[PDB]
């Protein structure tokens, strides 16, 4: 039986396999994450509650389909996905995901704490992300992340590896939607503003992640809103921070990755083959 010495169980999956605990693990955007338990296995999981929002019919179906496909997936540099379903308690409805639990939190958090990365760490972590992306891209059908950022790359441990999270949630990003000016303005790949993407959207995102890691700032901080950024991205204007990359080989890789024309970008295969990533 579950002892509730400090923490009460406050929710369950339909079959009661998964339990939610009233310990919040983290908050970001349109989700809160709780400590959970897989009672089959006695293994702690993340109980992620996505903000109550009305989804369109298409969004609901895209998501349930993509979720299914995540279910079996196991790779060192991917955060495992277990299940998801609609949930309510009192007056609040939400989507729950149960996933592997990453208690060391995000790359973003780390980069906020440690503003100078060692080349060795940048090399090894960027490589892991690429292995992750390559695993996704080679599923059947291929899984494209579509919203990769430091905010959804997770560290296993201060000296551990990284794992890509946020799998499948891009389906609920309203990339083509008008949106409120709040928080730091975001960019995306040129073609992604109109959702005409393929695997190369992840390459662009990867390059921007690498840039952020190398410079320790979010690209395009010189812009006040996402409209300004849009105009730059879709006109080939790089973020100021590009010019602050100290190390020639890193700058080259980033440059290969963040090209305006998606067809001109490095492939993942290229990148894993590159001297920089070949020790």
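Numbering follows the first chain given and starts at 1.
- Mean C-alpha B-factor is higher over 35-43 than over the other stretch, the pair under comparison being 35-43 and 246-254.
- Of the two stretches examined, 109-117 and 162-170, the record assigns the greater average C-alpha temperature factor to 109-117.
- Taking the PDB entry at face value, the top CA B factor among 72, 207, 142, 132 belongs to 72.
- Which of 190, 76, 157, 185 has the largest Cα B-factor in the deposited entry comes down to 157.
- The deposited CA B-factor of residue 229 belongs to the lowest third of values across its chain.
- When the modelled residues of the chain are ordered by their C-alpha B factor, residue 55 lands in the highest third.
- When the CA B factors of the chain's modelled residues are split into thirds, the value for residue 223 lands in the highest one.
- For residue 180, the recorded CA B-factor ranks within the middle third of the chain. Only modelled residues enter the ranking.
- Residue 123: CA B factor lies in the lowest third for its chain, per the PDB record.
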